[PDB]
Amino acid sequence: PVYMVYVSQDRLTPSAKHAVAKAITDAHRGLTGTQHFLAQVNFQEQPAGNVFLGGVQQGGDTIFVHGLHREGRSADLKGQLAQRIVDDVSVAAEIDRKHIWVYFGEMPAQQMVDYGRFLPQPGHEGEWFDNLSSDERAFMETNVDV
């Protein structure tokens, strides 16, 4: 996946960013079976005060997670995954769940490219990976936080 994570500048320490990235990655792998290394978490920082809720300028606590997924999973699974992101990002970032917004968008795998390659359909990641070139597999394997 690509998870775009919109946070205020300096709200998350580097270690908190790492914990939030791990929380999202583990949740995605845990519920979908996709390999760790396909989960991209891309932090987008902006100065505090760039978020407005109902026209009211916010402090730095809002977190918006925009997850970009392949089509093909059930509404039930996507609900479980969104809830798990809310719960686990809240713990990892020490931010109340009321600050956390999570939207999932989906596209056909045929118009999605990770690491320069088109993605397979959900659940087919194992044989897709095994058929990648040796150097591609090796590069991908470096991106696993156990």
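For every residue, the number given is its place in the sequence shown, counted from 1.
Asks: According to the deposited model, is the average Cα temperature factor higher in 30 to 38 or in 65 to 73?
Replies: Per the PDB record, 30 to 38.
Asks: Would 41 to 49 or 88 to 96 have the larger average of its C-alpha temperature factors, as given in the entry?
Replies: For C-alpha atoms only, the mean B-factor is higher in 88 to 96.
Asks: Sorting 105, 60, 116, 79 by Cα temperature factor from the record, which one lands on top?
Replies: If I rank 105, 60, 116, 79 by C-alpha B-factor, first place goes to 60.
Asks: Quick check on the deposited entry: does the C-alpha B-factor of residue 83 sit in the lowest, middle or highest third of its chain?
Replies: Tercile = middle for this residue's CA B-factor.
Asks: Split the chain's modelled residues into thirds by Cα B-factor; is residue 111 in the lowest, middle or highest one?
Replies: Ranked within chain, residue 111 CA B lands in the lowest tercile.
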